[PDB]
Each structure stands twice: as structure tokens, then as C-alpha cells.
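Written below as C-alpha cells is the structure these notes are about.
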Amino acid sequence: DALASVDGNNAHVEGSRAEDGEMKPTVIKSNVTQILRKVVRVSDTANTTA
Amino acid sequence: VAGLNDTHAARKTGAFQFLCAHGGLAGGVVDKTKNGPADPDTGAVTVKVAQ
């Protein structure tokens, strides 16, 4: 929710009323996780050799 | 919905009937004629109509 852009023309009268509202959103930044998998299948016979 | 400051419409709270198994609406108020939906788990109907 960083600040707004500077208003270099922020000049007003001495007897003026405020202007309209300043409704701003509530922007959110989001992300999602990722599943990393590593499978390894080795026969039992190959596990007995030397 | 953002941008509208006060031009929004009023709000209403779910009354005793809405929060129950009303089973339909007749506009801005719950309907007083249609029996509520039967509980899926059990065979109960908590919103009935006098015979």
C-alpha cells in the first residue's frame, strides 16, 4: 500500500471546501507453492550385486 | 465494488428464518409456505408448515 504520486499542483483557495473522496483498493500480492518430486526405482537384484 | 463511496445499498442481517433451513425466498423476506430442505445426513425437516 505504497504512497500516492506526488501532487506538484497541490494549490488550493483559502475558503474552499474539500473535494471528493479518495477511495483506494487494498491490493494484495500472492503466490503459490510448487511440488518438486524425485522418484527412483531400483530392482532388488541390482541392489545385491557388488 | 471499489470506487463507490456512499452510493452503495443498505445491508440486511440473516434473521431467524434465513439462518434456518428456510428452503427458498419470497423476495426480501423468507417464504412461509415452502417446507425447508430435508437434512441430507438425517431425515429431518426443521422448517414445516401447519397442516
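Ligands are numbered from 1 in the order shown, residues from 1 within each chain, and chains are lettered A, B, ... in the order they appear in the C-alpha cells.
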With a distance cut-off of 10 Å and only C-alpha atoms, select the neighbouring residues of range 18-23 of chain A, excluding the residue or stretch itself and same-chain residues fewer than 5 positions from it, and output the selection as a PDB file with C-alpha atoms, in the first residue's frame.
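Wrote out05.pdb, looks like this:
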ATOM      1  CA  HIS A  12      -5.995  25.488  -3.073  1.00  0.00           C
TER       2      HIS A  12
ATOM      3  CA  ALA B   2     -14.490  -0.402  -5.173  1.00  0.00           C
ATOM      4  CA  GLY B   3     -14.880   3.254  -6.118  1.00  0.00           C
ATOM      5  CA  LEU B   4     -18.422   3.709  -4.780  1.00  0.00           C
ATOM      6  CA  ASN B   5     -18.129   5.777  -1.602  1.00  0.00           C
ATOM      7  CA  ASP B   6     -21.710   6.060  -0.322  1.00  0.00           C
TER       8      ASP B   6
END
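Within the 12 Å cut-off around range 16-31 of chain B, using only C-alpha atoms and omitting residues fewer than 6 positions from it on the same chain, the listed residues are residues 37, 38, 39, 40, 44, 45, 46, 47, 48 and 49 of chain B.
Taking CA of residue 24 in chain A and CA of residue 9 in chain B as endpoints, the distance between them is 19.3 Å.
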